[PDB]
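Enquirer: Coordinates for the following, if possible.
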Amino acid sequence: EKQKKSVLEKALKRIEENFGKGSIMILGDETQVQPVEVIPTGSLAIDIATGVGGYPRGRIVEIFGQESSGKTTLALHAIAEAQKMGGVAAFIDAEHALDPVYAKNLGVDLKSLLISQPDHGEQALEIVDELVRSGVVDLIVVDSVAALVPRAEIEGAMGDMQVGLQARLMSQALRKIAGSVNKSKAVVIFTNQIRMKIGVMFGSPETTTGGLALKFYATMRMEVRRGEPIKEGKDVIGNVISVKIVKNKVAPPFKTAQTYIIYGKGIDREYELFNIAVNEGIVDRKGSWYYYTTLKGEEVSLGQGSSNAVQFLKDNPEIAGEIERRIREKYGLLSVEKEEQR
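Expert: Numbers count the residues shown, from 1 in each chain. There you are, the coordinates:
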């Protein structure tokens, strides 16, 4: 039996070591998996689904979905997390749609955010490559792929004989970026659409032709979908989202995270934490009242109903932290270099 697996595992290793880490995996192998350096996503559910607890440094990630799916909110959290760790984030903007007020409330430090609003696709991708190469930037969000229009097309020259030269030019710029990110501490995230293709009408594959290179250059690809409304009494206060990791080269793919966007706040860390804790049986419910037992044995009353329990978590960071660590440990994420005393 085990001899069957050790020959198996050994062969898997051989192939994997032949073609690069993550080249082949056992889909059920959350063993452990092995931590790599990541920037957390801002969602505990997504962190779990990635298998490594976040976006891996030195890699490209694609986040795609319809307009208004929640991909914008994910990208803003990625920025916020990169800043929170003490890093520097850049936003390469071809949409011109940022809501600075939402971004700030969600947790982005607007003052320190680097911003570029490039003239065209090639320039955008060259700026990204230089930023990666500079060594000074932790996380770059590129929004978005579709908007990434070739110079010539913009100047309306399409043209002289070759219409698809840029396709190659873009794929080439991307290849440069892939080259540079491997030697860097940077995470590079591209957001991409499945909605409203440009310039006119009906659709080719949702993700764009630069996207093919993206499809293959990316270490993770995440498909975001808007789910059911969330209501507090008779007000809708947000909606559920699902985030399916359709490609993952550092842990097993095809995990789907369910998480929650609260309007005006983003993926509220305490709201998500409460729901996950409750789903995991770590916080329990006695009638309408919620309770938690600390590791040290204290049984603590979180309050009556979800809204009170979520606020309690906000008012009691030390308890929230413990509940979160327990969840992360359970799924093998806890960094574990964490030191206790302060």
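Enquirer: Only C-alpha atoms from now on, for both contacts and neighbour counts.
Expert: Fine.
Enquirer: which is the next helix or strand following the strand or helix carrying residue 9?
Expert: Under the criterion of DSSP states H and E, residue 9 resides in helix 2-19. The C-terminal neighbour of helix 2-19 among helices and strands, as given by DSSP H and E, is strand 38-39.
Enquirer: Which neighbouring elements make contact with that next one?
Expert: strand 55-56, helix 71-84 (3 or more CA pairs under 8 Å, 6 or more residues apart in numbering; DSSP states H and E).
Enquirer: Now with 7 Å, please.
Expert: strand 55-56 (3 or more CA pairs under 7 Å, 6 or more residues apart in numbering; DSSP states H and E).
Enquirer: Pull up the pairing partners for the strand it packs on, direction included.
Expert: Sheet partners assigned to strand 55-56 using DSSP bridges are listed as strand 38-39 (antiparallel).
Enquirer: Give me the distance between the strand it pairs with and the centre of its chain.
Expert: 10 Å (CA atoms, centre = their mean, to the nearest Å).
Enquirer: and what of stretch 8-16?
Expert: Taking CA atoms, centre = their mean, the mean C-alpha location of stretch 8-16 is offset from the chain mean by 29 Å.
Enquirer: From the rest of the structure, what touches it?
Expert: With CA atoms under 7 Å, 6 or more residues apart in numbering as the test, stretch 8-16 has contacts from 22, 23, 24.
Enquirer: ok, those residues vs residue 30, which is closest?
Expert: Set against residue 30, the nearest of those by CA to CA is residue 22 (12.6 Å).
Enquirer: what's the neighbour count on that closest one?
Expert: 17 (other CA atoms under 10 Å).
Enquirer: Same check on residue 5?
Expert: For residue 5, the neighbour count with other CA under 10 Å is 11.
Enquirer: Contacts only, for it.
Expert: With CA under 7 Å, 6+ apart, residue 5 has no contacts at all.
Enquirer: so residue 229 touches residue 236, yeah?
Expert: Yes - at 6.3 Å, residue 229 counts as touching residue 236 under the criterion of CA atoms under 7 Å.
Enquirer: For the residue lying closest to residue 49 once chain neighbours are set aside, give me the backbone phi and psi.
Expert: Using CA to CA, 6 or more residues apart in numbering and skipping the chain neighbours, the partner closest in space to residue 49 is residue 255 (5.3 Å). The phi and psi values for residue 255, taken as degrees, to the nearest 10, are phi -80, psi 150.
Enquirer: Quick one: residues contacting residue 255.
Expert: Residue 255 neighbours (CA under 7 Å, 6+ apart): 49, 244, 245.
Enquirer: Out of those, grab the one that's most surrounded.
Expert: When the contacts of residue 255 are compared by neighbour count (other CA under 10 Å), residue 49 ends up highest, at 24 neighbours.
Enquirer: residues in contact with that residue?
Expert: 255, 256, 257 are the contacts of residue 49 under CA under 7 Å, 6+ apart.
Enquirer: ok, so of those, who is nearest residue 139?
Expert: Closest approach between the contacts of residue 49 and residue 139, by CA to CA: residue 257, at 22.0 Å.
Enquirer: Could you chop the protein up by domain?
Expert: Following curated CATH domains, the chain resolves into domains at 25-267, 268-342.
Enquirer: Quick check: end-to-end length of the last one?
Expert: Terminal residues of domain 268-342 are spaced 27 Å apart (CA to CA, to the nearest Å).
Enquirer: The longest one now?
Expert: With CA to CA applied, domain 25-267 spans 31 Å between its terminal residues.
Enquirer: next one: stretch 190-198
Expert: For stretch 190-198, the end-to-end distance is 17 Å (CA to CA).
Enquirer: Return the distance of it from the chain's centre.
Expert: Here stretch 190-198 is found 17 Å from its chain centre; the criterion is CA atoms, centre = their mean.
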